[PDB]
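One chain comes next, on its own, written as structure tokens: the form deposited in one PDB entry.
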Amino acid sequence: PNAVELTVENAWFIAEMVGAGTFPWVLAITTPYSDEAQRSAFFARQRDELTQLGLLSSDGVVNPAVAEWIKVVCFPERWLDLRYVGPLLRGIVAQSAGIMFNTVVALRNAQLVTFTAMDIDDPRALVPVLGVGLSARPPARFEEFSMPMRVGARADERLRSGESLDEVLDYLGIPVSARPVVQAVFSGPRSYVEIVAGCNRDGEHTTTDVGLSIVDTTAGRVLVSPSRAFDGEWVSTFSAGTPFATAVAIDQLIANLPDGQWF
């Protein structure tokens, strides 16, 4: 009742019916067909499918709850873009303070898309949400450390030259006690999410340059938190993916925005 699963084509149709051109880019939900010819068949098929789903009334009215959820996602005031990688999983956490539950989560997995209305009041409530595309690993245990992008680039060069990961972890000086975790961060199997925060305050559509990554490895969950140093270069802190640390990192990420104070 607070959630609906749809086809991506179903979703596109309702977006069109509510007046929204398109969905947030992160979802990659583009026009289903090609011609003026495909458009007409698509529309016939979708009117029919939404009706058989009770989401479109005989009188042509979009279910008011699903309509609102799709509008929140399409016309968001504040959002987190979620890009999941692992062996197309894309999400967005959207809030549209005006119209709306105060959050709508959209999760697109291949040809389907779920929309879930939630009440989120603190960043800790987001940990199970962001975790949907990960693999439910417990937190990794290791001493937090940082790596610069230039240092990472030199490591990559060495690795490309055929140096062992072991030799490259020595070059970086990773303590032996931390290597099970660090060698897992840089090996499969793994799953991760790249998160960017956005807002539409001025009607101007700012996103964080920073993007936070959460990575589930064989040695547990790790949080990677980049920051841009004064000379521009990215520097990342790698830390244990506890729910607490994750919550703080999500707060921190959002803090970069003008909006500033989502909670």
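The term rigid core refers to the maximal set of C-alpha atoms that superpose within 1.5 Å between the two forms. The numbering used is simple: start at 1 and walk along the sequence shown.
Heads up, the form deposited in another entry isn't pictured, but that's what we're talking about next.
Of the residues checked (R137, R190, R78, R158), the rigid-core alignment between this form and the one not shown shows a Cα shift of at least 2 Å for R158 alone.
With the core held fixed, the Cα of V235 is displaced between this form and the one not shown by 2 Å or more. Once you line up the core between this form and the one not shown, the Cα of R47 stays within less than 2 Å of where it was. Put the two forms on the same core and the Cα of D35 is off by 2 Å or more between this form and the one not shown.
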